[PDB]
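Undergrad: A structural model of the following input is requested.
(chains A and B)
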Number of protein chains: 2
Amino acid sequence: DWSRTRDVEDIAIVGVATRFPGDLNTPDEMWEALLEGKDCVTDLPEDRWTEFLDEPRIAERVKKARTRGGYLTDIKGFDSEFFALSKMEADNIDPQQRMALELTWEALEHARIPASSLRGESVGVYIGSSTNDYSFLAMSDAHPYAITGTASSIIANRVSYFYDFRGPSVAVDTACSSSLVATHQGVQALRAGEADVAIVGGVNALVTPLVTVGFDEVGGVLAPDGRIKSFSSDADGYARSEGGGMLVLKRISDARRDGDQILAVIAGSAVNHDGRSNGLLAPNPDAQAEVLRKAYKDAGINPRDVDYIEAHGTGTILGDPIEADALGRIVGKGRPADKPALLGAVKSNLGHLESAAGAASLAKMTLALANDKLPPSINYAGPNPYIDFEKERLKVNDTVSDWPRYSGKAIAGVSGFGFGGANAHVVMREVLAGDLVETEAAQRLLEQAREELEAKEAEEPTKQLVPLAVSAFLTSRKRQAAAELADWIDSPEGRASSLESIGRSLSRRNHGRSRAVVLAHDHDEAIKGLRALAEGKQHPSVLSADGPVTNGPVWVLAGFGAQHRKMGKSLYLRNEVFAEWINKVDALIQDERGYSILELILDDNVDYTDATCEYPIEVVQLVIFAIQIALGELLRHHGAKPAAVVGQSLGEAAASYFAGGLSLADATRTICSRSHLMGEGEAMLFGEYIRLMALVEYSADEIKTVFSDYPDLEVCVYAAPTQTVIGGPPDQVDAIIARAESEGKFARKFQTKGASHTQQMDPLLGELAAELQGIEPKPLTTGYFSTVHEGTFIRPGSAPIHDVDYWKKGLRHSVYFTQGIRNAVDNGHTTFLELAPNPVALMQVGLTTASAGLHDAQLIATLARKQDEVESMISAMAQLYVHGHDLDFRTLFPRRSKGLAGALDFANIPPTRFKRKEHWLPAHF
Amino acid sequence: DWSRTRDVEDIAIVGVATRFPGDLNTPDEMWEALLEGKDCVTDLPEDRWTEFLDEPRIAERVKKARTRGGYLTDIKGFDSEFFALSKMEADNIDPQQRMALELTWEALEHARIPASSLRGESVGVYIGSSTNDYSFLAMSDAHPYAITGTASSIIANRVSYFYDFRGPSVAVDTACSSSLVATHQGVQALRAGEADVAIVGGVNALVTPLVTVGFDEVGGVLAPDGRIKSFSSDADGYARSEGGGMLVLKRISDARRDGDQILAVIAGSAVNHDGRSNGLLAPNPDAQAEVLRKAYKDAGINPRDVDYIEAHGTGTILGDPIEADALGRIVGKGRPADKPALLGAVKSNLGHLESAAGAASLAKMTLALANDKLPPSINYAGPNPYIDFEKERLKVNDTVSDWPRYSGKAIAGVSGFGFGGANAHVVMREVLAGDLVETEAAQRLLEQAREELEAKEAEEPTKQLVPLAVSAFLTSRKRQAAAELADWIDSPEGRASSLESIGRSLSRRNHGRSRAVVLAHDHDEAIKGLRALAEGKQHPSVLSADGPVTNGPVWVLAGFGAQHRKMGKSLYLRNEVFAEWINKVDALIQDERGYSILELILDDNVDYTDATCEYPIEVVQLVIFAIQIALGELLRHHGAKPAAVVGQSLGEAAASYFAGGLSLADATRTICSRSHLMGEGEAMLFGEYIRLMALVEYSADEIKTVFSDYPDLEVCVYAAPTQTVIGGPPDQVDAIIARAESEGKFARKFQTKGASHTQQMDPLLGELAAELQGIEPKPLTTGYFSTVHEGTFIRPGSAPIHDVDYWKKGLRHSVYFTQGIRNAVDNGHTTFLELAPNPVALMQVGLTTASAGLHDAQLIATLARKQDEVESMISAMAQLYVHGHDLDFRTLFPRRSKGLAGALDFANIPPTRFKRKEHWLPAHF
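TA: Numbers count the residues shown, from 1 in each chain, chains lettered A, B, ... in the order given. I have put the structure below:
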């Protein structure tokens, strides 16, 4: 009968913003006022309309009028610095635009959706406005800035400009029902694509008495006392008010997917016109019945199941019976006499907000549905004698009461009718639960570690690290917020928080250009760091910056000489993504070589030297390769992405996968074949052909001059501008070591039996090529710095370069690591991230960057020896977040109880604070 | 690749309205100007802005400005009487509202859609406006009427009020692209229901120099010469203009169904925003590319197939290259160098119509697509050096040229970008052909009649009757139009028309309250009647009225003594609906009685007396019953519907079917059983029990007094207040006849052997009830006047009353016909229609109405003896149409060649004429 003909989604409400009379600047303040039954109407403020006053003719005309209604306490104030507006430009901006910008920020903050995440997305803005009162002040004399400021279109276009929205931006105007129409258009769009989020609302402002005087001149429109008595026997008119409201709308599927909290649901909506009635301003009950029937047909809901109606309620003796009649025809048809539809109007509390009444009505029902109470309708001194509520199945709810729930759930209807004939109706329902729902030995070692870990935790439980994020568009604002946050934490309410809800709430705040992070284990540490951050004092547990870096980060995959007894074990047990990718690499290696690396990672006795019989030279490379892959994918899971990559003779396989040149399986084959061939080849020869490598403090130019006397020696790695790794027979290296010491130059030996990038690899090339057959190189899709191609930058989308000959050249010929780093600095890169169990290549990178004139480079280190594997990746993510790099800070605080125990999470931290300064346009008249 | 993801309809354009500069008030004038390459820009008129002038400060500032652009010749004029507005109210109405009302009327007239047919329908109005300039004049001092007049919402709400539209009525505002956005919303609605027709357009007006001066103060925006040079090397700005346009949109399926002529098709549309660009007023090519891609994805069209682009073309040296760049990315991608996309802009001809540019662009392409020519773009003195058209696959078409049709059809794109960032694009294509596509002896007699008819036509072809409809909201306007129409007919163009296209065109004009019809066989008769109608002179071939009657018509089904040799034969051959329903009744009668009535209707020898052996008393009733059903359904086919029904002892069966109490088959059973039983019963007895009926001029009260002496006599029919039909033995009737003559009272005998409503029926009731078993009476659903229940009015929705006992009572007991007529007059009914082969009951009805005080009753007669069966039903329809009764006058002119030979139909009759009088708001400043 009333089922949906079209297969469409239900729209979910996730945020609300209020700027209504009575200092109701937040939904919480609004909800308390509604329960208390507060009359927000008041006399005209002394400081309003002063521009038109001082003229006796207009002044006495104004006094004779009513001039009583809802007025904003502060309308001239505006934080131009926050919104990047000059004083001259800001003074010529209509307050309607100011409210829209402020309301949009509060709504996203109320919805816990970082406004930075919506930049460049398909977000629509539909805002209702009817009167350009501010334009009259400009023309009293003027500046061209008034054209954009006072324009109605700029009310929404400016919002989509400041927040960088790439969706529809239109300003509707249907007089007294514009807000509902704007909501209707947003709902229809989301059902038809064209957007993923929608900001819908309305705004109004009483800047001049022209409109108020005109209505008074008509007579019989404005109430003498300024109080509305919707559906009462003393109805005598209404009063005009100013304010605004906004809502954030998303498809219910998206809200469930993204973890957003759903306050209510918009099942359907409809709009029509009264047609030829008894005058342009006369309502037509027949049209009102049609739109109600039209709306509930779209919503797929039988009107007999409705529990509450937020009526237009203009307090007109003649227009109220008409509205009741239409409701009885549709809503009050067939109902039992003991199941009436509750009736009420918010205009009794706030007044008649012309283009913002719909927003106020929608906000009221949204809070009522989110909670489980129905607020009363004030100014009710008896039923209207011309309306038979019993015969129409209606009841005016004038007391705090709970939802009857006739159908088992809560359903409400919001109706708004314009004075030109335009009508609208929106159907709302509560959120339901249904809306929230769509290797043997390795196991033995794994179980032992978990039991040992759990047992150790009992003796001494570790305190989890929580990164607290503070950000703003300016450093001064950032540190002011930190001090306010610290004071709140020290308060009893803050002390009664888990310190994880605080971080979760902050992670969903706007992430500005000036960012800071505090690494705290308990409240006291967080307070100390925030207080230090309140000023410019440094602190070990505080990361701060003043602005983002120009270019993206660079990932370094060296993985040489960075192995120890227990690497990748603590993070494997206490993380899932890291463990997942480790297993995938383990399976691939098991297929190729026939043994599992988990038996080595999990085992504690193994130290990768004399404890593993199967060629420690081989297992070490595989374990490091697996760790590098796991760390990179873990960073990807949190949103991090590399702008460029670079490797040093062992991470080229891993670097290729991250860039995209080769698949994971193909990369695993290269390292496995390389590692196994090196291990067996080294064991094949002993004494006769053995050649070892050493580190010498020499430059590339110096090496050419000094290699003339030593013919056989070869250059292996250009680690630094003044350092180089070479290989050759021990006698030649020994002479070099003695020669360097004679000149005062530092040197080493690396104590490594293996030797790569030398003649030893030559026999291995023939069989290495055969094993590498079948690999399919692909386009990079990411910046690359080939250390085998003389450190030449390669742009994304270039032709594949990971053919077999590429690996043979790298294994045999030297690697130009220092050259690649210098080229990256030339391109502008300044942040370098190393993925390895122990950072050893950062020192080499630091020397190269300093030699190139870069001394403030960001050297970020992943897992390090003798430090907790967790609390080190978290710090790495924080540094990327601080310096403006790509990172979804919301991933560090996953939700455990979605729709179950949301109370204990999402703490009540202080909100963003604005500094409002007067901005108004002088006028004399 | 570019196919539609969603299954949606294509929108069709059926009407266009123009109010552009250069006196382009009709599409035909606009099309000629575009071909000729007309520059509609001109200097400021001397009579404009005089209110602000006379002040030296503002005057010299205005002179220093450009003040050159498109201005309307007459903007103050307005026909307030036509739109029912007072002088005080009209003077405070923005010209934007005036244009919308006028444009909507012209568009419906151009689309040949009677505006009266859309009253109460789901029609949406989406209109774009940006500047409320008129509101500044009111506030210079004022009246409250300025609130509604100058409001932006009332621009569309007033339109939906005057024309009685029950759909969405919203006023969009996206600055310079509002018209396209309004079109977009209408298209989306129609695809999603919410409406069946949509009026989309925009309007702008230059009432004050405030905006023009402001733009001049900025500098670099307005051209010194006021001429636009879109895509040229001399671009130096643009000029502001005023005007408006409208379009009528319907789903292509509905347009094909309703016979509407399709000018073009809107495949798809899209809108977005530029986001954070280099300033609020700086365009962003990236967003422009997205909306183009977005639009063509919705339209299901590959951009490489486009043939022409109606670009924004603001003549800006910096904004034109940006628009070209985006087009090359999407439209000009992959094209051959010899298949460029033609480029042009209408702003070069008219100027920059801020909120009406989209309407002008859409109208231009609509006429180009409806025709087969591309108009040029004027002011092109060479390509812009900063745009590489060859590399972007673009061509500026500056000459009259035909569509290249790369894909085999015509495709065009209209783009409009606002100065706040809002952007829109609409895809249009021509209309294709695929869019216009989804009883033996009776036969012998039928063939003879057709051959005889065709042979007779050759000797003397008959001239068809054509009803010409003239109507208006006032009698004075109606007769003024008739004189203008007559002059046009007498002109050579009128003489070159079929006189059927003229009627077809008039049938699709608005049908006002004051209506008139001219029944003409040739042009000369039409001229004479129209000239007579120009004044108050009466004319036999002219039907006229000053206003509709209060209540609906009443259908009278008597069908007694209204038979002749050839009835229902001429109309059977020359009409299809009449023949169709005759056959259906024939089949039902054949099933029941076993013989066909067509053998009687088609035969000419039969006269229903001594020529038919099978009980002439029986066949006569069946033939009349069949004719009554056919006439009623024929009237229903043309839109006529009865408010109430009434019958006289023979049409009760037919009356029941029309009301809805019984089905057609059940009604046929009642008459068949009644007729057959009467025929056999009368033949059963002869001489002994024979009783005949006679007509006597007596009243009901008199009959009671006079029936005391005559016990056996009974009253059969109360034909009139002073007349009555009685039945009884011949001796008793003979005494009554002599007695009446002795008193001077007229009487008759009816010379009828049969006698109903007497004792003869008593034996027939027993078997009559058995034959009537199985009939299922239903609720009436229509007004009824039961002549068997003492003429008591029965309301629709009442319980069934057509049980078996109802028919037994009617057959046996008298019928109160005069009582039913009087009751109908009491309820307010004044129009009575008789369905019978010959009107005999109208005389009786006329006497009753006069006795009740009604002397101007509308007595409409269907088929009459010795008159053409056609030209008599047409007159009956005309009388119903004249007096405001329900009738679809468009059905009388069916289309023969739909999409084939539309040229010869839909003649070019004069359009509706308005009397414009100055209405302006004085101001001093």
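
Undergrad: CA only for contacts and neighbour counts going forward, please
TA: Will do.

Undergrad: please, which helix or strand holds the residue lying closest to residue A:570 once chain neighbours are set aside?
TA: Leaving aside its chain neighbours, residue A:570 sits nearest to residue A:869 (6.3 Å; criterion: Cα to Cα, 6 or more residues apart in numbering or on different chains). For residue A:869, there is no helix or strand it lies in under DSSP states H and E.

Undergrad: what do you get for residue A:431?
TA: Counting by DSSP H and E, residue A:431 is found in no helix or strand.

Undergrad: beta partners for the residue lying closest to it once chain neighbours are set aside?
TA: Spatial nearest neighbour of residue A:431, excluding adjacent residues (Cα to Cα, 6+ apart): residue A:264 at 5.5 Å. Beta bridges link residue A:264 to residue A:13 when assigned by DSSP bridges.

Undergrad: for residue A:264, give me its contacts.
TA: Applying Cα atoms under 8 Å, 6 or more residues apart in numbering or on different chains to residue A:264 gives the contacts A:12-14, A:366, A:369-370, A:428-431.

Undergrad: could you dump those residues into CSV and include distance to residue A:575?
TA: Converted to CSV, these look like this (distance: Cα to Cα, whole Å):
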residue, distance to residue A:575
A:12, 33
A:13, 34
A:14, 31
A:366, 39
A:369, 39
A:370, 36
A:428, 42
A:429, 40
A:430, 37
A:431, 34
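
Undergrad: return the member of the residues you listed nearest to chain B.
TA: Of all the contacts of residue A:264, the one with the least separation from chain B (Cα to the nearest Cα) is residue A:428, at 19.3 Å.

Undergrad: how close does the residue nearest to residue A:431 sit to chain B?
TA: Distance of residue A:264 to chain B, given as Cα to the nearest Cα, to the nearest Å: 24 Å.

Undergrad: also residue A:635?
TA: According to Cα to the nearest Cα, residue A:635 and chain B sit 29 Å apart.

Undergrad: so what's that residue up against?
TA: Residue A:635 sits next to A:641, A:877 when contact means Cα under 8 Å, 6+ apart.

Undergrad: ok and the residue in the stretch 301-450 of chain A nearest chain B?
TA: Residue of the stretch 301-450 of chain A nearest chain B, by Cα to the nearest Cα: residue A:420 (5.4 Å).

Undergrad: that residue contacts residue B:157, correct?
TA: Yes - using Cα atoms under 8 Å, residue A:420 is in contact with residue B:157, at 5.4 Å.

Undergrad: between these two, which contacts overlap?
TA: Common neighbours of residue A:420 and residue B:157, using Cα under 8 Å, 6+ apart, are residue A:174.

Undergrad: and the stretch 751-900 of chain A, which residues reach chain B?
TA: Not one residue of the stretch 751-900 of chain A sits near chain B, judged by Cα under 8 Å from any Cα of the partner chain.

Undergrad: can you show me the helices along the stretch 751-900 of chain A?
TA: A:762-771, A:804-812, A:817-827, A:841-851, A:873-882 (DSSP state H, counting those that start in this stretch).

Undergrad: what's the angle between the strand or helix carrying residue A:516 and helix A:873-882?
TA: Assessed by DSSP H and E, residue A:516 sits inside strand A:514-520. With axes from the mean of the first three to the mean of the last three Cα atoms, to 10 degrees as the basis, strand A:514-520 and helix A:873-882 are set at 160 degrees to each other.

Undergrad: what helices or strands is strand A:514-520 leaning on?
TA: The contact analysis (3 or more Cα pairs under 8 Å, 6 or more residues apart in numbering or on different chains; DSSP states H and E) places strand A:514-520 against strand A:466-472, helix A:475-490, helix A:523-534, strand A:542-544, helix A:873-882.

Undergrad: how about a cut-off of 7 Å?
TA: The contact analysis (3 or more Cα pairs under 7 Å, 6 or more residues apart in numbering or on different chains; DSSP states H and E) places strand A:514-520 against strand A:466-472, helix A:523-534, strand A:542-544, helix A:873-882.

Undergrad: who does that strand pair up with?
TA: Partners of strand A:514-520 in the sheet, by DSSP bridges, are strand A:466-472 (antiparallel), strand A:542-544 (antiparallel).

Undergrad: which of the helices and strands packed on strand A:514-520 sits most buried?
TA: When these are scored by mean count of other Cα atoms under 10 Å in any protein chain shown, the highest mean neighbour count falls to strand A:466-472 (a mean of 25).

Undergrad: who's in contact with that one?
TA: With Cα atoms under 7 Å, 6 or more residues apart in numbering or on different chains as the test, strand A:466-472 has contacts from A:478, A:482, A:500, A:503, A:506-507, A:511-521.

Undergrad: and that strand, how far out from the chain middle?
TA: How far strand A:466-472 lies from its chain's middle: 13 Å, per Cα atoms, centre = their mean, to the nearest Å.

Undergrad: now it against helix A:475-490, angle please.
TA: With the same axes, to 10 degrees applied, the angle from strand A:466-472 to helix A:475-490 works out at 140 degrees.

Undergrad: wait, doesn't residue A:134 sit right on residue A:94?
TA: Yes - the pair residue A:134 / residue A:94 is scored as a contact, 5.6 Å apart, by Cα atoms under 7 Å.

Undergrad: which of those two has more residues huddled nearby?
TA: Taking neighbours as other Cα atoms under 10 Å in any protein chain shown, residue A:134 and residue A:94 compare with residue A:94 leading, 26 against 23.

Undergrad: mind checking how far the more buried one is from residue B:140?
TA: 20 Å (Cα to Cα, to the nearest Å).

Undergrad: pretty sure residue A:695 sits in a strand.
TA: Yes - counting by DSSP: H, G, I helix; E, B strand; the rest coil, residue A:695 falls inside a strand.

Undergrad: burial measure for the closest residue to it other than its chain neighbours, as a count.
TA: Counting by Cα to Cα, 6+ apart, the nearest residue to residue A:695 once its immediate chain neighbours are dropped is residue A:725, at 4.4 Å. A count of nearby residues for residue A:725, using other Cα under 10 Å, gives 22.

Undergrad: tell me which helix or strand comes right after the one helix or strand residue A:725 maps to.
TA: Using DSSP H and E, residue A:725 falls within strand A:723-728. Following the chain from strand A:723-728 toward its C-terminal end, the next helix or strand by DSSP H and E is helix A:730-742.

Undergrad: count the residues that sit near the nearest residue to residue A:615 once chain neighbours are set aside.
TA: Counting by Cα to Cα, 6+ apart, residue A:615 lies nearest to residue A:679, which is 5.5 Å off, once chain neighbours are set aside. Counted by other Cα under 10 Å, the residues lying close to residue A:679 total 18.

Undergrad: with residue A:705 instead?
TA: Residue A:705, neighbours per other Cα under 10 Å, totals 10.

Undergrad: point me to the residue of the stretch 651-800 of chain A nearest chain B.
TA: Of all residues in the stretch 651-800 of chain A, residue A:797 sits closest to chain B, with a separation of 19.4 Å (Cα to the nearest Cα).

Undergrad: pretty sure that residue sits against residue A:779.
TA: Yes - using Cα under 7 Å, residue A:797 makes contact with residue A:779 at a distance of 5.4 Å.

Undergrad: pull up the overlap in contacts between the two.
TA: With contacts taken as Cα under 7 Å, 6+ apart, residue A:797 and residue A:779 have no neighbour in common.

Undergrad: hang on, the earlier thing: out of the contacts of strand A:466-472, which are buried?
TA: With burial judged by 16 or more other Cα atoms under 10 Å in any protein chain shown, the buried subset of the contacts of strand A:466-472 is A:478, A:482, A:500, A:503, A:506-507, A:511-521.

Undergrad: on that earlier part again, joint contacts of residue A:134 and residue A:94?
TA: Shared contacts of residue A:134 and residue A:94 (Cα under 7 Å, 6+ apart): residue A:150.

Undergrad: hmm, back to that, what sits against the closest residue to the residue of the stretch 651-800 of chain A closest to chain B other than its chain neighbours?
TA: In space, and not counting its chain neighbours, residue A:797 is closest to residue A:781: 5.0 Å by Cα to Cα, 6+ apart. Residue A:781 makes contact with A:659-660, A:796-797, according to Cα under 7 Å, 6+ apart.
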